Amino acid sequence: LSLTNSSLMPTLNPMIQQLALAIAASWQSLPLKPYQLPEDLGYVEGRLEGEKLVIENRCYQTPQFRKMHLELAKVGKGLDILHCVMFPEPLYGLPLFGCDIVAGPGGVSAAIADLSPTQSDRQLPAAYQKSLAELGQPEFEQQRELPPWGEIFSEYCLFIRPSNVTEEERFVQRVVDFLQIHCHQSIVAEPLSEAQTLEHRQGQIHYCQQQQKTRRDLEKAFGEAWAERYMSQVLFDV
């Protein structure tokens, strides 16, 4: 796992670069194994109205995380994207870590991050709540409203338009905190019963189903069949 061979990192919005480096630093601490995507989908290049569209996908796995995906994209000249999900192995009942940034050369327009509950409770595990509790509330001046296809998200979800670099740094630090808690608990987690495993797996199907609400730009560049394969095999496999 390493981003030093990325062709995109040097032209991506700096908060995106920061967050990618922070996710890498986190994941490098896990016993990562490679996760194979379709051969053509590791590195994607096309055109979107005459401007280069480029996507780099990196995917890993652990016994606790079925699929760890980091996507970076430059979707023509005025859109940069980071999308990251860690899909937990449902046997372990961990929450879904997710984060997305949408940016341009002018700055960041949306940043979101959560540890999303898989538990039919919609609660996070006790150890997460206690560790999260001791961090305290970060302050944000523009918090955005979740569409109806929330709250597959948790109470700790941040969904914002950063107002200045201090908010960019605060957003990234909260993701670094989320990851420190998450990785640590993954190392300590024990297999659930079959019943609760299936419960968690359904929470994961529902989370991926809901998130089908990105397509449009991919359809525009690649068509609808390519887009629907990408959504169902790369992004949000069910």
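One-based numbering along the sequence shown.
Interresidue gap class [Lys213, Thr214; deposited sequence, unmodelled] = In the deposited sequence, 1 to 3 residues between these two have no coordinates.
Got a sec? Mean C-alpha B-factor, which is higher, 151-159 or 70-78?
-> Mean CA B-factor is higher for 151-159.
Comparing 28-36 with 54-62, the one whose average Cα B-factor in the PDB entry is higher | Looking at the recorded C-alpha B-factors, 28-36 comes out higher on average.
Out of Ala111, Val165, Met86, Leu115, which one has a C-alpha B factor higher than all the others in the entry?
-> Checking the PDB record, the top C-alpha B-factor among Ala111, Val165, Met86, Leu115 is at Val165.
Chain-wide C-alpha B factor ranking for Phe140, given as lowest, middle or highest third = CA B-factor rank for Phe140: highest third.
With respect to C-alpha B-factor, does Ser2 fall in the lowest, middle or highest third of the chain as deposited?
-> Tercile = highest for this residue's CA B-factor.
Third assignment of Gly106 from its chain's C-alpha B-factors | Top third by C-alpha B-factor.
Tell me, lowest, middle or highest third: where does the Cα B factor of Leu179 rank within its chain?
-> It falls in the bottom third of the chain.
Would you please rank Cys99 by its C-alpha temperature factor against the other modelled residues of its chain and give the third it falls in: lowest, middle or highest?
-> For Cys99, the deposited C-alpha B-factor lands in the lowest third.
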